[PDB]
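Q: Submitted below is the structure of interest, expressed as structure tokens.
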Amino acid sequence: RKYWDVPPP
Amino acid sequence: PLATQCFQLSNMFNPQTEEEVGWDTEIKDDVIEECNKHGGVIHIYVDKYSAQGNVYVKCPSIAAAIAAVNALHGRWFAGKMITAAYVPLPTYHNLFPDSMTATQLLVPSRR
């Protein structure tokens, strides 16, 4: 699970 | 704006596009885990109904909330920019009266 600091695709 | 123990995170999710069961518990754990790098959390509420994707947080102290707001505001979360804003203490306690006596640091639900 990775949501923090994930930029837009 | 004047710093307080409480703050609100926005743009954390869109409740209409959240289908997975217990998604709000996972958001809660994401916020607890991230605020442990600062001073921890004593109260958290994931708003499952507002389209804005709001998370309410109460820290054990004003210093812990300043550390968390400065570190969380303007961050990417799931490809969207999040906003962190202070909530006046009487405004927060009117919404969440049970948070008035909260003292224990919260632990995430997942491993």
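To be explicit about the labels: the chains of the structure tokens are called A, B, and onward in the order shown, and within each one the residues are counted from 1, while ligands get numbers from 1 in the order they are shown.
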List the neighbours of residue 4 of chain A out to 8 Å using only C-alpha atoms; skip same-chain residues closer than 4 positions along the sequence, and give me the result as a PDB file with C-alpha atoms, in the first residue's frame.

A:
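Saved file selection.pdb follows:
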```pdb
ATOM      1  CA  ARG B  75       1.673  16.814   0.026  1.00  0.00           C
ATOM      2  CA  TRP B  76       0.581  14.365  -2.657  1.00  0.00           C
ATOM      3  CA  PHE B  77      -1.800  11.630  -1.440  1.00  0.00           C
ATOM      4  CA  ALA B  78      -3.004   9.047  -4.017  1.00  0.00           C
TER       5      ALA B  78
END
```

Q: Within 12 Å of chain A, which residues belong to chain B? Use only C-alpha atoms and report them as a short mmCIF file (atom, residue, chain, number, x, y, z; two decimals) with N, CA, C and O atoms, in the first residue's frame.

A:
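Produced file part.cif, reproduced below:
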```
data_model
loop_
_atom_site.label_atom_id
_atom_site.label_comp_id
_atom_site.auth_asym_id
_atom_site.auth_seq_id
_atom_site.Cartn_x
_atom_site.Cartn_y
_atom_site.Cartn_z
N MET B 12 -8.36 14.01 0.58
CA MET B 12 -7.74 12.72 0.95
C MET B 12 -8.36 11.54 0.18
O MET B 12 -7.78 10.45 0.14
N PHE B 13 -9.56 11.75 -0.40
CA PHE B 13 -10.37 10.74 -1.10
C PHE B 13 -11.64 11.36 -1.64
O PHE B 13 -11.96 12.49 -1.29
N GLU B 26 -8.56 2.33 6.53
CA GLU B 26 -7.24 2.38 5.88
C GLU B 26 -6.75 3.82 5.80
O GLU B 26 -5.56 4.06 6.05
N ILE B 27 -7.65 4.79 5.50
CA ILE B 27 -7.30 6.23 5.47
C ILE B 27 -6.87 6.65 6.89
O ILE B 27 -5.83 7.30 7.05
N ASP B 29 -5.60 4.81 9.31
CA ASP B 29 -4.30 4.20 9.58
C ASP B 29 -3.18 4.94 8.83
O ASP B 29 -2.10 5.10 9.39
N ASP B 30 -3.45 5.46 7.59
CA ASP B 30 -2.48 6.24 6.81
C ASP B 30 -2.13 7.52 7.55
O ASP B 30 -0.97 7.90 7.57
N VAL B 31 -3.13 8.17 8.17
CA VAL B 31 -2.95 9.43 8.88
C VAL B 31 -2.23 9.19 10.23
O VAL B 31 -1.30 9.93 10.55
N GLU B 33 -0.18 6.61 11.05
CA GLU B 33 1.19 6.24 10.71
C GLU B 33 2.03 7.46 10.35
O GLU B 33 3.14 7.59 10.87
N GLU B 34 1.50 8.38 9.53
CA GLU B 34 2.23 9.57 9.12
C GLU B 34 2.44 10.54 10.30
O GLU B 34 3.54 11.09 10.42
N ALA B 71 4.12 19.58 7.89
CA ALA B 71 4.62 18.43 7.15
C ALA B 71 3.58 17.82 6.18
O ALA B 71 3.98 17.22 5.20
N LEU B 72 2.27 17.95 6.48
CA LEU B 72 1.22 17.34 5.65
C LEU B 72 0.64 18.27 4.60
O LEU B 72 0.20 17.77 3.56
N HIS B 73 0.58 19.59 4.87
CA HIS B 73 0.00 20.53 3.93
C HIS B 73 0.81 20.56 2.63
O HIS B 73 2.04 20.66 2.67
N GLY B 74 0.11 20.47 1.49
CA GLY B 74 0.72 20.51 0.16
C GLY B 74 1.35 19.21 -0.30
O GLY B 74 2.05 19.19 -1.32
N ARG B 75 1.12 18.11 0.42
CA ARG B 75 1.67 16.81 0.03
C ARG B 75 0.78 16.13 -0.99
O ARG B 75 -0.44 16.34 -0.98
N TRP B 76 1.36 15.24 -1.81
CA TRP B 76 0.58 14.36 -2.66
C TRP B 76 0.05 13.20 -1.81
O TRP B 76 0.80 12.63 -1.00
N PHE B 77 -1.21 12.82 -2.03
CA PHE B 77 -1.80 11.63 -1.44
C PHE B 77 -2.67 11.00 -2.50
O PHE B 77 -3.64 11.62 -2.94
N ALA B 78 -2.29 9.79 -2.97
CA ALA B 78 -3.00 9.05 -4.02
C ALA B 78 -3.24 9.93 -5.28
O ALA B 78 -4.33 9.95 -5.84
N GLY B 79 -2.20 10.65 -5.69
CA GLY B 79 -2.22 11.49 -6.89
C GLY B 79 -2.99 12.79 -6.83
O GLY B 79 -3.32 13.35 -7.88
N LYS B 80 -3.29 13.28 -5.62
CA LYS B 80 -4.03 14.52 -5.41
C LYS B 80 -3.33 15.35 -4.35
O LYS B 80 -2.71 14.77 -3.47
N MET B 81 -3.41 16.70 -4.43
CA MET B 81 -2.74 17.52 -3.41
C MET B 81 -3.65 17.68 -2.18
O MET B 81 -4.83 18.02 -2.33
N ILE B 82 -3.10 17.45 -0.98
CA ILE B 82 -3.89 17.60 0.23
C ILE B 82 -3.60 18.95 0.90
O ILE B 82 -2.52 19.54 0.77
N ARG B 110 -4.30 -1.82 11.30
CA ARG B 110 -3.55 -2.81 10.52
C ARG B 110 -2.10 -2.98 11.00
O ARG B 110 -1.55 -2.09 11.65
N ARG B 111 -1.46 -4.11 10.60
CA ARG B 111 -0.05 -4.41 10.88
C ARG B 111 0.86 -3.49 10.05
O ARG B 111 0.72 -3.44 8.80
#
```

Q: Rounded to one decimal in Å, what is the spacing between atom CA of residue 96 of chain B and atom CA of residue 58 of chain B?

A: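 Atom-to-atom, atom CA of residue 96 of chain B to atom CA of residue 58 of chain B, that is 10.0 Å.
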
Q: To one decimal place in Å, what is the distance between atom CA of residue 83 of chain B and atom CA of residue 19 of chain B?

A: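 Atom CA of residue 19 of chain B lies at a distance of 23.4 Å from atom CA of residue 83 of chain B.
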
Q: Run DSSP on the backbone and tell me which residues of segment 41-91 of chain B come out as strand (DSSP E or B); list them as a list in words.

A: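 So, restricting segment 41-91 of chain B to strand (DSSP E or B), we get residues 43, 44, 45, 46, 55, 56, 57, 58, 76, 77, 80, 81, 83, 84, 85, 86 and 87 of chain B.
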
Q: Quick one: everything within 9 Å of residue 48 of chain B, counting only C-alpha atoms, minus sequence neighbours fewer than 3 positions away in the same chain. Send it as a list in words.

A: residues 14, 15, 24, 51, 53 and 54 of chain B

Q: Please identify all polymer residues within 12 Å of segment 59-68 of chain B, counting only C-alpha atoms, omitting same-chain residues fewer than 4 positions from it, and present them as a ChimeraX atom specification.

A: /B:1-9,31-44,72-75,83-89,92,99-106

Q: For those residues, write C-alpha atoms to a file as a short mmCIF file (atom, residue, chain, number, x, y, z; two decimals), in the first residue's frame.

A:
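Saved file again-v6.cif follows:
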```cif
data_model
loop_
_atom_site.label_atom_id
_atom_site.label_comp_id
_atom_site.auth_asym_id
_atom_site.auth_seq_id
_atom_site.Cartn_x
_atom_site.Cartn_y
_atom_site.Cartn_z
CA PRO B 1 -4.45 31.44 10.90
CA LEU B 2 -3.72 30.71 14.62
CA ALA B 3 -2.31 27.26 15.43
CA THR B 4 -4.36 24.93 17.70
CA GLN B 5 -4.21 21.18 18.70
CA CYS B 6 -6.76 20.37 15.94
CA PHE B 7 -6.68 20.35 12.20
CA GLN B 8 -8.57 19.16 9.14
CA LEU B 9 -7.08 17.37 6.12
CA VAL B 31 -2.95 9.43 8.88
CA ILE B 32 -1.98 7.81 12.26
CA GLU B 33 1.19 6.24 10.71
CA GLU B 34 2.23 9.57 9.12
CA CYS B 35 1.55 11.65 12.33
CA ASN B 36 3.74 9.21 14.38
CA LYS B 37 6.73 10.89 12.62
CA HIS B 38 5.56 14.05 14.42
CA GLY B 39 3.84 13.95 17.81
CA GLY B 40 1.06 11.42 17.37
CA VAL B 41 -2.77 11.62 17.39
CA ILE B 42 -5.35 11.43 20.24
CA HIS B 43 -8.51 11.69 18.01
CA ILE B 44 -9.28 11.11 14.35
CA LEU B 72 1.22 17.34 5.65
CA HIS B 73 0.00 20.53 3.93
CA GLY B 74 0.72 20.51 0.16
CA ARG B 75 1.67 16.81 0.03
CA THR B 83 -4.60 20.69 2.33
CA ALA B 84 -4.09 20.87 6.14
CA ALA B 85 -5.91 23.65 8.04
CA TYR B 86 -6.23 24.41 11.79
CA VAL B 87 -9.61 24.02 13.48
CA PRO B 88 -10.40 26.24 16.53
CA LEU B 89 -10.62 24.09 19.71
CA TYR B 92 -13.62 20.87 17.09
CA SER B 99 -12.31 14.27 21.90
CA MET B 100 -12.33 16.74 24.89
CA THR B 101 -11.14 13.98 27.34
CA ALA B 102 -9.02 11.97 24.80
CA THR B 103 -5.40 11.58 26.08
CA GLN B 104 -4.21 8.17 24.79
CA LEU B 105 -2.15 8.08 21.58
CA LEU B 106 -3.91 6.16 18.80
#
```

Q: Which residues in segment 17-85 of chain B does DSSP call alpha helix (DSSP H)? List them as a JSON list (two decimals) with N, CA, C and O atoms, in the first residue's frame.

A:
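Dumped everything to states-v7.json:
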```json
[["chain", "number", "residue", "atom", "x", "y", "z"],
["B", 23, "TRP", "N", -12.47, 1.09, 3.67],
["B", 23, "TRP", "CA", -11.55, 2.04, 3.05],
["B", 23, "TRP", "C", -11.22, 3.20, 4.02],
["B", 23, "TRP", "O", -10.10, 3.70, 4.01],
["B", 24, "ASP", "N", -12.20, 3.62, 4.84],
["B", 24, "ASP", "CA", -12.06, 4.73, 5.77],
["B", 24, "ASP", "C", -11.14, 4.36, 6.93],
["B", 24, "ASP", "O", -10.43, 5.24, 7.44],
["B", 25, "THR", "N", -11.10, 3.07, 7.31],
["B", 25, "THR", "CA", -10.21, 2.53, 8.35],
["B", 25, "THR", "C", -8.76, 2.58, 7.83],
["B", 25, "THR", "O", -7.86, 2.89, 8.60],
["B", 26, "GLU", "N", -8.56, 2.33, 6.53],
["B", 26, "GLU", "CA", -7.24, 2.38, 5.88],
["B", 26, "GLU", "C", -6.75, 3.82, 5.80],
["B", 26, "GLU", "O", -5.56, 4.06, 6.05],
["B", 27, "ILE", "N", -7.65, 4.79, 5.50],
["B", 27, "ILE", "CA", -7.30, 6.23, 5.47],
["B", 27, "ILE", "C", -6.87, 6.65, 6.89],
["B", 27, "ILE", "O", -5.83, 7.30, 7.05],
["B", 28, "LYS", "N", -7.65, 6.24, 7.91],
["B", 28, "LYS", "CA", -7.38, 6.54, 9.31],
["B", 28, "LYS", "C", -5.96, 6.06, 9.68],
["B", 28, "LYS", "O", -5.20, 6.85, 10.25],
["B", 29, "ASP", "N", -5.60, 4.81, 9.31],
["B", 29, "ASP", "CA", -4.30, 4.20, 9.58],
["B", 29, "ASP", "C", -3.18, 4.94, 8.83],
["B", 29, "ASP", "O", -2.10, 5.10, 9.39],
["B", 30, "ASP", "N", -3.45, 5.46, 7.59],
["B", 30, "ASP", "CA", -2.48, 6.24, 6.81],
["B", 30, "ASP", "C", -2.13, 7.52, 7.55],
["B", 30, "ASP", "O", -0.97, 7.90, 7.57],
["B", 31, "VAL", "N", -3.13, 8.17, 8.17],
["B", 31, "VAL", "CA", -2.95, 9.43, 8.88],
["B", 31, "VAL", "C", -2.23, 9.19, 10.23],
["B", 31, "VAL", "O", -1.30, 9.93, 10.55],
["B", 32, "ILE", "N", -2.62, 8.13, 10.98],
["B", 32, "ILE", "CA", -1.98, 7.81, 12.26],
["B", 32, "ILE", "C", -0.49, 7.51, 12.01],
["B", 32, "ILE", "O", 0.36, 8.08, 12.70],
["B", 33, "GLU", "N", -0.18, 6.61, 11.05],
["B", 33, "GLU", "CA", 1.19, 6.24, 10.71],
["B", 33, "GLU", "C", 2.03, 7.46, 10.35],
["B", 33, "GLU", "O", 3.14, 7.59, 10.87],
["B", 34, "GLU", "N", 1.50, 8.38, 9.53],
["B", 34, "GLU", "CA", 2.23, 9.57, 9.12],
["B", 34, "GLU", "C", 2.44, 10.54, 10.30],
["B", 34, "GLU", "O", 3.54, 11.09, 10.42],
["B", 35, "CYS", "N", 1.43, 10.73, 11.18],
["B", 35, "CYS", "CA", 1.55, 11.65, 12.33],
["B", 35, "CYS", "C", 2.43, 11.08, 13.45],
["B", 35, "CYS", "O", 2.84, 11.85, 14.30],
["B", 62, "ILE", "N", -0.37, 21.51, 20.90],
["B", 62, "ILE", "CA", -0.33, 22.49, 19.81],
["B", 62, "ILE", "C", 0.97, 22.31, 19.00],
["B", 62, "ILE", "O", 0.93, 22.40, 17.78],
["B", 63, "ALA", "N", 2.09, 22.01, 19.67],
["B", 63, "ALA", "CA", 3.39, 21.80, 19.01],
["B", 63, "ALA", "C", 3.34, 20.59, 18.06],
["B", 63, "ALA", "O", 3.80, 20.70, 16.92],
["B", 64, "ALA", "N", 2.69, 19.48, 18.51],
["B", 64, "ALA", "CA", 2.50, 18.27, 17.71],
["B", 64, "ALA", "C", 1.62, 18.58, 16.47],
["B", 64, "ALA", "O", 1.93, 18.12, 15.37],
["B", 65, "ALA", "N", 0.56, 19.39, 16.63],
["B", 65, "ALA", "CA", -0.31, 19.78, 15.51],
["B", 65, "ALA", "C", 0.44, 20.68, 14.49],
["B", 65, "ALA", "O", 0.29, 20.46, 13.29],
["B", 66, "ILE", "N", 1.30, 21.62, 14.95],
["B", 66, "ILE", "CA", 2.11, 22.51, 14.10],
["B", 66, "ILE", "C", 3.08, 21.67, 13.25],
["B", 66, "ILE", "O", 3.19, 21.89, 12.05],
["B", 67, "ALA", "N", 3.77, 20.71, 13.90],
["B", 67, "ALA", "CA", 4.67, 19.79, 13.23],
["B", 67, "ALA", "C", 3.90, 18.98, 12.15],
["B", 67, "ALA", "O", 4.38, 18.87, 11.03],
["B", 68, "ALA", "N", 2.70, 18.45, 12.48],
["B", 68, "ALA", "CA", 1.91, 17.65, 11.53],
["B", 68, "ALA", "C", 1.34, 18.50, 10.39],
["B", 68, "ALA", "O", 1.47, 18.07, 9.26],
["B", 69, "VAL", "N", 0.74, 19.69, 10.66],
["B", 69, "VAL", "CA", 0.18, 20.58, 9.63],
["B", 69, "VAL", "C", 1.28, 21.03, 8.65],
["B", 69, "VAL", "O", 1.07, 20.94, 7.44],
["B", 70, "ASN", "N", 2.44, 21.47, 9.16],
["B", 70, "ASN", "CA", 3.54, 21.93, 8.29],
["B", 70, "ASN", "C", 4.07, 20.81, 7.39],
["B", 70, "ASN", "O", 4.44, 21.06, 6.24],
["B", 71, "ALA", "N", 4.12, 19.58, 7.89],
["B", 71, "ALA", "CA", 4.62, 18.43, 7.15],
["B", 71, "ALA", "C", 3.58, 17.82, 6.18],
["B", 71, "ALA", "O", 3.98, 17.22, 5.20],
["B", 72, "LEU", "N", 2.27, 17.95, 6.48],
["B", 72, "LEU", "CA", 1.22, 17.34, 5.65],
["B", 72, "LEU", "C", 0.64, 18.27, 4.60],
["B", 72, "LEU", "O", 0.20, 17.77, 3.56]]
```

Q: For the atom pair atom CA of residue 56 of chain B and atom CA of residue 93 of chain B, what is the interatomic distance in Å to one decimal place?

A: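 Between atom CA of residue 56 of chain B and atom CA of residue 93 of chain B the gap works out to 11.2 Å.
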